[PDB]
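Heads up, the thing below is written out as structure tokens.
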Amino acid sequence: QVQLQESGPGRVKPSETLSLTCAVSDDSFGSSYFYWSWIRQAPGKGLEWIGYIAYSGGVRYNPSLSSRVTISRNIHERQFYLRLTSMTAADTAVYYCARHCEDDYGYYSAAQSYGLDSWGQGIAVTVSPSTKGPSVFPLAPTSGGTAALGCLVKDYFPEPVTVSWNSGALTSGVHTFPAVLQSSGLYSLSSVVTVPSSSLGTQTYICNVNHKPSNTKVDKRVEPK
Amino acid sequence: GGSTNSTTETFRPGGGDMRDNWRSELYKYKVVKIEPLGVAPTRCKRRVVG
Amino acid sequence: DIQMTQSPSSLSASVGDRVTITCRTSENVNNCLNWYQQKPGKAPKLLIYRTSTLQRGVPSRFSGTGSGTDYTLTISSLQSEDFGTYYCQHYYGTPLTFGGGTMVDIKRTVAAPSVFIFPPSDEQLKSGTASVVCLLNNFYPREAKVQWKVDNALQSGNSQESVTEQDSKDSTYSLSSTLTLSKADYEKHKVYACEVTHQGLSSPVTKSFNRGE
Amino acid sequence: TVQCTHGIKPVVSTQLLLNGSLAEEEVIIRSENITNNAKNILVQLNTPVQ
Amino acid sequence: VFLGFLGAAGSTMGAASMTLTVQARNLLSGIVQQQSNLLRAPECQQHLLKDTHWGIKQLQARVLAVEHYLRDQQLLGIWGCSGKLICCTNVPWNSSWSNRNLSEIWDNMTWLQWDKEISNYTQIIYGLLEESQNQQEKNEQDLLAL
Ligand SMILES: *[C@@H]1O[C@H](CO)[C@@H](O[C@@H]2O[C@H](CO)[C@@H](O[C@@H]3O[C@H](CO[C@H]4O[C@H](CO[C@H]5O[C@H](CO)[C@@H](O)[C@H](O)[C@@H]5O)[C@@H](O)[C@H](O[C@H]5O[C@H](CO)[C@@H](O)[C@H](O)[C@@H]5O)[C@@H]4O)[C@@H](O)[C@H](O[C@H]4O[C@H](CO)[C@@H](O)[C@H](O)[C@@H]4O)[C@@H]3O)[C@H](O)[C@H]2NC(C)=O)[C@H](O)[C@H]1NC(C)=O
Ligand SMILES: *[C@@H]1O[C@H](CO)[C@@H](O[C@@H]2O[C@H](CO)[C@@H](O[C@@H]3O[C@H](CO[C@H]4O[C@H](CO)[C@@H](O)[C@H](O)[C@@H]4O)[C@@H](O)[C@H](O[C@H]4O[C@H](CO)[C@@H](O)[C@H](O)[C@@H]4O)[C@@H]3O)[C@H](O)[C@H]2NC(C)=O)[C@H](O)[C@H]1NC(C)=O
Ligand SMILES: *[C@@H]1O[C@H](CO)[C@@H](O[C@@H]2O[C@H](CO)[C@@H](O[C@@H]3O[C@H](CO[C@H]4O[C@H](CO)[C@@H](O)[C@H](O)[C@@H]4O)[C@@H](O)[C@H](O[C@H]4O[C@H](CO)[C@@H](O)[C@H](O)[C@@H]4O)[C@@H]3O)[C@H](O)[C@H]2NC(C)=O)[C@H](O)[C@H]1NC(C)=O
Ligand SMILES: *[C@@H]1O[C@H](CO)[C@@H](O[C@@H]2O[C@H](CO)[C@@H](O)[C@H](O)[C@H]2NC(C)=O)[C@H](O)[C@H]1NC(C)=O
Ligand SMILES: *[C@@H]1O[C@H](CO)[C@@H](O)[C@H](O)[C@H]1NC(C)=O
Ligand SMILES: *[C@@H]1O[C@H](CO)[C@@H](O)[C@H](O)[C@H]1NC(C)=O
């Protein structure tokens, strides 16, 4: 129940198949009138119910992804699995396994939970053929009030990237934005900082973008062009 | 069932629980308990006691 | 199929206020609806798994009502651990749907965004792709809107946007809108304008630049 | 009213019901009240297939 | 206002004799809730009675209660007092049992200390009670052999 352990590959290539495992601890599995569902959530957007497998057998999935989703249930192995074929970059999301009990009878020792009271820890599945190097491009400010300048890390994969200003010196005023997955399957984010108009051309500003997977530390300077 | 304006509506042979098999033959039967105690007014009194 | 809608999209309330959230369904669900709370990053914790039935481990300050196609979550006295995003979900048959969500942060004084514009660097112009950056900084509440105008023509479908969470020192947000076009679409146009509509502004603000100047 | 029900055979089945009792006249179709992708359709035939 | 179950246990015998229905009810409304098995019908079928002999043991306790009821109703039956809560008999009161006058008994004593004072001769009184009827049986016997 409270221990829904998820496992599987957080790294899937396009046009391949994503298989995931959800193990249950408290043996509420064998109890009848229980529905075990797979649900994904795209970042920023809402959550989408993928499919559910019943106490008798998996009845239905979601109509959009109906032919490419198959939920299996290994009774004795104490687990139930999800399979998703033809993985695309749009399926890159956070996956959960959740439980809920509906009783037509309302006839038990205790009261059950119609809603999803049991949840996994969540697996972040990403889809892209290979890992790229982060392309860093500066962004130049020429105004009376306090200006601003930042860096743009584009076409990098996968996450994360460490973006520091002045090798850790500049702190206050910095805002680092969450990444934005483009349609090409590569990531893109921006990191900015507000500096006074008097310090333009006076203080040097360098953003350090250390990409851990590619082991690529790129340092770029930002100056009024 | 799918609100597609009557376009979708597909029926697949589920592998439903065995209780549904019992419901298939118990649909006509029902269990009740008899409460045989009824009180009603007929304007008669046991004046005499004992 | 059934679709769901939440009102308001973004909400900013204070501690101790009676707050209400409206969840509208397209079809009659017959009292079948669930409310969930999600602090960003964690699995959605269950709140109310029927119309009015509260789950355990949940304080008594929550309640849900409604019938038919309209349902309302209510909090008599708000608290500190009540921030985040709230969702509604119907379990009336297959498939299952979820609401859009209600971003609920803590109230603050309305601040106007410090809008800046950034042109694509020359190296990126060599890369065969051009991304123009539009920045909003220190604005509240979360709900705002950004619009792009290439040669005075509104652009949609190619306008990415990201948003940082409510900061710590000032409790304000930041939004980075990234407009991505090919290298060919950057030369034929010489006018680029970014328009922002916010509450703390007495008028919509626009910042623009030109190519080759 | 009866003291005991009729003879019900406990036929273990999953997809199709076997060796049950047949509804007279027309076949019978059983769902719950809501009827919208959530229940399990029960079918009772008037003529048995072999 | 009614003192409640066994409320007049410390009252005079006359006062308790006024609320004997109250003591009579706890014979039935303890056993109505258990025979109900309405709150027992759904909780894990029949409260899992397989590999749980406490369930049977519990059941045996319920049996003892209805068995005691049947003992008292049998005694009221063989004394010809089934339908009534207060019945008078033909057995005269032998003074050796208790010498106390009526006023001292009904307005100065409780049913507890009375039952304790007469527990010695209860069997004898029951014997006269089983015997005295037998003279009614015999009068009906005269009406039977004509
Ligand atoms: C537990 O054991 C105790 C034993 O100690 C027992 O107490 C006995 O209770 C019974 C009744 O339950 C009593 O029996 C009857 O009492 C009748 C008298 O009741 C009235 O008079 C009381 C005396 O008042 C005197 O003083 C006032 C001045 O204060 C004066 O004006 C009066 O005229 C009188 O002289 C009185 O205490 C009593 O209580 C109420 O009133 C007083 C104020 O008067 C108030 O202070 C009290 O708080 C209370 O509100 C009430 O007013 C007695 O008359 C009766 O005898 C015959 O007369 C009546 C007609 O009045 C007939 O109807 C009746 O059938 C009789 O033929 C009878 O004796 C008994 O006296 C108690 N014994 C005591 C106290 O020692 C408890 O009940 C037991 N409880 C249980 C559950 O078992
Ligand atoms: C059980 O029910 C399922 C669905 O409920 C049925 O599966 C559907 O089968 C239909 C064919 O009858 C599929 O429709 C066709 O899909 C083709 C393949 O699409 C995939 O591949 C292309 C190219 O790689 C991708 O772009 C696409 O996104 C998919 O990944 C398409 O090529 C077809 O399009 C062409 O034909 C239609 C007419 O059929 C034209 O109108 C189009 O303009 C185009 O010319 C077509 O879309 C459908 O995709 C299947 N469902 C799912 C969910 O994929 C089963 O057939 C049914 N069981 C049985 C036994 O039939
Ligand atoms: C599952 O398996 C069972 C048995 O294996 C099958 O049962 C079959 O049922 C059919 C229908 O009843 C049988 O068909 C027969 O037709 C005969 C035709 O007559 C000729 O053949 C018989 C030998 O069978 C000769 O004796 C006869 O002289 C002719 O040469 C009928 O004669 C059969 O009995 C009938 O006799 C007369 C004819 O008017 C009448 O009293 C009745 O109509 C009587 O029925 C019979 O009708 C077939 O023989 C059965 N199989 C076997 C192996 O016996 C099931 O059909 C099968 N189910 C499925 C779904 O596959
Ligand atoms: C069996 O048939 C009855 C009658 O048609 C169904 O009950 C009806 O349900 C509809 C829709 O909810 C109502 O409009 C009718 O008023 C109901 N009538 C009665 C007599 O109940 C019942 O749902 C069916 N049961 C099945 C199909 O299992
Ligand atoms: C019957 O309708 C009620 C609406 O009052 C609904 O709550 C209930 O779920 C329906 N029954 C079933 C078995 O779905
Ligand atoms: C009661 O019985 C005893 C002997 O059991 C006897 O001595 C006594 O006289 C009897 N009392 C009567 C008859 O009143």
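Here are the numbers:
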item: Highest-first arrangement of C:34-47, C:3-16, where packing means the average Cβ count within 10 Å; result: C:34-47, C:3-16
item: Convex hull volume per residue in cubic angstrom - Cα atoms of the range C:97-141; result: 114
item: Packing rank of A:34-43, E:39-48, where each peptide gets the mean count of other beta carbons within 10 Å, highest leading; result: A:34-43, E:39-48
item: Net charge of neighbours whose Cβ lies under 14 Å from the Cβ of residue E:64, counting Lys and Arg as +1 and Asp and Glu as -1; result: +1
item: Size of electric dipole in chain C: Cβ of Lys, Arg +1 and of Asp, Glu -1, about Cα centre, debye, nearest 20; result: 360
item: Cubic angstrom per residue, convex hull over Cα atoms of the range A:8-153; result: 181
item: For residues of A:52-63, the mean tally of beta carbons on other chains within 10 Å; result: 5
item: Charge dipole magnitude, Cβ of K and R +1, D and E -1 - the range E:1-91, Cα centre, debye nearest 20; result: 40
item: Sorted by Cβ density within 10 Å, fewest first, the residues B:44, A:207, E:87, A:101; result: B:44, E:87, A:101, A:207
item: Peptide-level mean, for C:159-169, of C-beta atoms on other protein chains within 10 Å; result: 3
item: Signed unit charges on C-beta, dipole axis of chain B, positive-most listed residue B:34, B:50, B:1; result: B:50
item: Gap separating the Cα centres of the range B:1-40 and the range A:23-60, nearest whole Å; result: 24
item: Sequence ranges E:92-101, C:21-30, ranked by mean other-Cβ count within 10 angstrom, highest first; result: C:21-30, E:92-101
item: Among A:215, A:129, A:179 - extreme Cα towards positive end, dipole of the range A:88-225, charges at beta-carbon; result: A:215
item: Relative exposure of C:75, E:86, E:78, judged by other C-beta atoms within 10 Å (fewest first); result: E:86, E:78, C:75
item: Per-bin percent of Cα-Cα distances, chain E [10 Å]; result: 9, 25, 30, 19, 13, 5, 0
item: Size of charge dipole - the range E:56-125 - debye, nearest 20, with Cβ of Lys, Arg +1 and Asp, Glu -1, no other charges; result: 300
item: Cα pair distances in the protein assembly as shown, grouped into 20 Å bins until the bin that holds the longest one, percent each; result: 12, 32, 24, 16, 10, 5, 1, 0
item: Part-to-part distance (alpha-carbon centres) for the range D:6-47 and the range A:67-89, which is given in Å; result: 30
item: Top positive-direction residue, dipole computed over chain C with Cβ charges, set C:173, C:78, C:97; result: C:78
item: Estimated FRET transfer efficiency (residue C:167, residue B:28; beta-carbon r; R0 56 Å; 0.05); result: 0.25
item: Peptide A:112-121 - average C-beta neighbours from other chains (10 Å radius); result: 6
item: Whole-angstrom gap from the range A:119-136 to the range C:171-205, using each part's C-alpha centre; result: 28
item: Descending Cα extents along the principal axes, the range C:1-156, whole Å; result: 60, 38, 27
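Quick note: the coordinates plus some simple rules give every number you see, no bench work behind them. Cβ atoms come from the backbone with ideal geometry, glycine included; neighbour counts cover every protein chain shown.
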